[PDB]
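Here's the letter readout for the chains.
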Protein chains: 2
Amino acid sequence: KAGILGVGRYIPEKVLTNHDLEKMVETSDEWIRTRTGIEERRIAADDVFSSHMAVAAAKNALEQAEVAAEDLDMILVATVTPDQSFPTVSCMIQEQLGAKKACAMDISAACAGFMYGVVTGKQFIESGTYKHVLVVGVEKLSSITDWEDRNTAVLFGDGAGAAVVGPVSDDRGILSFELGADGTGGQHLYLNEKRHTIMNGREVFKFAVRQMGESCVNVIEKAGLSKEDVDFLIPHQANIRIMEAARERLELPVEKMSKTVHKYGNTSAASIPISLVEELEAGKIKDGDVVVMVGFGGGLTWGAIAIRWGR
Amino acid sequence: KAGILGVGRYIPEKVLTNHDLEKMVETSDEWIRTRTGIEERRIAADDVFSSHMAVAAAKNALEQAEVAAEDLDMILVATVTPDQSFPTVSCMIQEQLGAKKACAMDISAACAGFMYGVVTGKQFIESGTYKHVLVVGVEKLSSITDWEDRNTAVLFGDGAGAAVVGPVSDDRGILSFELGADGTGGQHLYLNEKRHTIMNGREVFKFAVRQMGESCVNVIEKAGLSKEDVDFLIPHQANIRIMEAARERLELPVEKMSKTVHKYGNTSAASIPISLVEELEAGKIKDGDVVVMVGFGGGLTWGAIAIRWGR
Ligand SMILES: CC(C)(COP(=O)(O)OP(=O)(O)OC[C@H]1O[C@@H](n2cnc3c(N)ncnc32)[C@H](O)[C@@H]1OP(=O)(O)O)[C@@H](O)C(=O)NCCC(=O)NCCS
Ligand SMILES: CC(C)(COP(=O)(O)OP(=O)(O)OC[C@H]1O[C@@H](n2cnc3c(N)ncnc32)[C@H](O)[C@@H]1OP(=O)(O)O)[C@@H](O)C(=O)NCCC(=O)NCCS
């Protein structure tokens, strides 16, 4: 069984507060907090790109996993903001990490990308093909934000998270998963000709508030478990109201759902692993815990994983 | 075992001849032919994007496979020229094809992308997770070509190729594969700030002429076969001199190597499946044939597959 051997992240230093944003566009700290839950989000420096953030997250994850870059068989990077289209971020960090035997691709599934990558890595490991797969979710959303558009500029931040995936013992490891998509919703969230993100907020909200809870129940079910068996929920961190609907569907207490949206905003493919590190560092996730992760992104993509933490 | 159930392509109508290119830049039909083997390459219309080409190729492949879009579990699209970064091409055709149950991601490994996708699909099928995986290599290289740069503008064309991957019977199916990368070579082939491809031609040539033959021998070996067992070789169609080195390494006759570079030029991730359709339509590939495919791309990525044709 494939499981998670270690996790790491890179959080940019610069903080953008809601009062910072009150000078940039016509918004209010009150509106942002009440409608999204966001208070702050980090912004990468103009000389910091997805590659920089991804290699930092990756090093932390390799160190925590006790895995040398030399032993990586594959590097997957979920991003829509590579430094450039090619060389990919995965190729770049394969070089900067010294993972010379690893293959490398970038995958594109917007905010669900980390879920696609972890599941892809699982297949390569449980086939016996590969042993160690590095999976990075990284996004410099600030580089594709129209910073004069209040409807999106108060939502996005930058960051990177990474996990080393590999064989784990006994009951441990990824128990079940779900990947999905609906291109019908492509009109509702797209990158335009200016490299500016355009969103029909209300439409994405309606779709996500239904699909995130259903994907969660689906993986619990496929894992042969009950709602009562879930120890922690790590949803995509885009809107506290969407996260709360998922929590309600799983009948989980507040303390069993990761919430970092108030401090990092929506970091797309980086959001789940960033939150995962936060709870691990807080000691809130233990070996043996059944953890449900669920993500939702542009193109209308989604994914979910049930994992039993530990090696 | 996962194998290829059907294949299809989309070839743009507009032909760009070497004499067409003689008016655009300072080149000669003689130089282009002697140094690359290219005579013509197709160019998509200004209103034709990767999504259009990919859906056309995909329909042809579904029809040949006798597979309804409704039954697709996953759509992978290898491209670096999506209509826009998100919605992805895979999401867009998931919609246009009516493949509502399928998940969808785009993967990025430049000219090796189709190989990464097929191998990814194999893992999902041989795990028992999925049954039908659509894999498309599509590129509108004309949209990232500096058409005033002779060093690259005489090399690239547009197109799309697609395969339906699924379980096949007995000895059939993908016998072995290799995926690799070397981010060290990222400096030698990259997309610049103008969305223009920049290449150190001589350096990419040196690397590809060594790696393509070695990847071929590696998959033959892992499949437990000999050079004498190979019935056909489908290399990436970028330079007849690079293809010829691979042929020489495998001691294969001319007639057992696909050559379409003279008519389509380098179409990156689309090149191998386009050539595969060409030989199938010519009747040169039969059920039971051991086919070696090998590709090499920017970021310095590469991949190879040995497959026994048939279902
Ligand atoms: C984007 C989102 C935060 C907006 O919240 P919402 O409840 O949809 O808000 P609405 O779009 O209905 O607009 C509510 C009002 O606030 C206004 N408004 C929008 N952005 C505002 C801002 N930054 N500051 C103040 N008012 C704002 C709207 O114009 C509207 O005013 P009106 O009623 O006078 O026309 C929310 O829909 C969302 O997060 N959607 C899901 C997106 C997701 O899942 N994340 C992935 C994105 S990559
Ligand atoms: C790009 C490539 C066709 C160029 O051929 P090459 O043998 O490397 O040619 P060189 O770069 O050594 O240049 C040879 C000469 O031709 C010239 N030249 C380059 N492009 C030319 C053109 N279009 N027309 C005429 N002369 C040209 C060079 O300036 C040089 O002239 P010089 O000796 O006076 O300086 C070849 O290197 C190649 O295909 N490389 C591999 C790329 C690959 O694998 N494909 C992936 C790309 S996405």
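**Observations concerning the packing of aromatic side chains**
All names here are of chain B. Tallied over the full model, the rule gives six aromatic pairs over all chains. Taken together, a centroid distance of 5.2 Å and an interplanar angle of 25° make the contact between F207 and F296 stacked. One end of the pair, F207, is in helix 7 (residues 201–222); the other, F296, is in strand 12 (residues 290–297), and 89 residues separate them in sequence. Across this residue pair, the class does not change: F207 and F296 are buried. With a centroid separation of 5.6 Å and 45° between ring planes, the pair formed by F207 and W302 is classed as tilted. Remark: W302 occurs in strand 13 (residues 301–308) and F207 occurs in helix 7; sequence separation between them is 95 residues. The burial state of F207 is the same as that of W302; both residues are buried.

**Concerning the nonpolar core**
Counting residues in each nonpolar core, the largest one holds 82 residues, and the members touching the most others are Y116(A), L179(A), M293(A), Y116(B), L179(B) and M293(B). Leaving out residues up to four positions away in the same chain, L179(A) has contacts with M115(A), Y116(A), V119(A), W302(A), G303(A), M74(B), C103(B), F124(B) and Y130(B). Counting 41 residues, the second-largest nonpolar core is a separate cluster that includes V154(B), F207(B), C216(B) and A306(B).

**Remarks on the domain arrangement of chain A**
All names here are of chain A. Along its sequence, chain A is carved into domain 1 (2–167) and domain 2 (173–308). Inter-centroid distance (C-alpha atoms) of domain 1 to domain 2 is 15 Å. Taken together, the contacts link 48 residues of domain 1 with 46 residues of domain 2. Looking at the side of domain 1 that touches domain 2, the elements with two or more residues in it are strand 1 (2–10), helix 2 (29–36), strand 3 (40–43), helix 5 (113–126), strand 6 (133–140) and strand 7 (158–167). At nine residues, helix 5 tops the list of elements feeding residues into the side of domain 1 that touches domain 2. Classifying every residue of the side of domain 1 that touches domain 2 by side-chain character gives 23 nonpolar, 14 polar and eleven charged.

Reading the values: the criteria
Residues numbered from 1 in each chain as written, not as in the entry; some residues may be left out. Chains lettered and ligands numbered in written order. Heavy atoms only, no water. Residues with missing side-chain atoms left out of burial classes, pairs and counts. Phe/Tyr/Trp six-rings, centres within 6.5 Å; stacked < 30°, edge-to-face > 60°. Helix = DSSP H or I, 4+ residues; strand = E, 2+ residues; numbered from the N terminus. Buried < 20%, exposed > 50% of the residue type's maximum accessible area, 1.4 Å probe, protein only. Core = buried A, V, L, I, M, F, W, Y, C linked by side-chain atoms within 4.5 Å. Contact = heavy atoms within 4.5 Å. Domains from an automatic or database assignment. Nonpolar A, V, L, I, M, F, W, Y, C, P; charged D, E, K, R; others polar.

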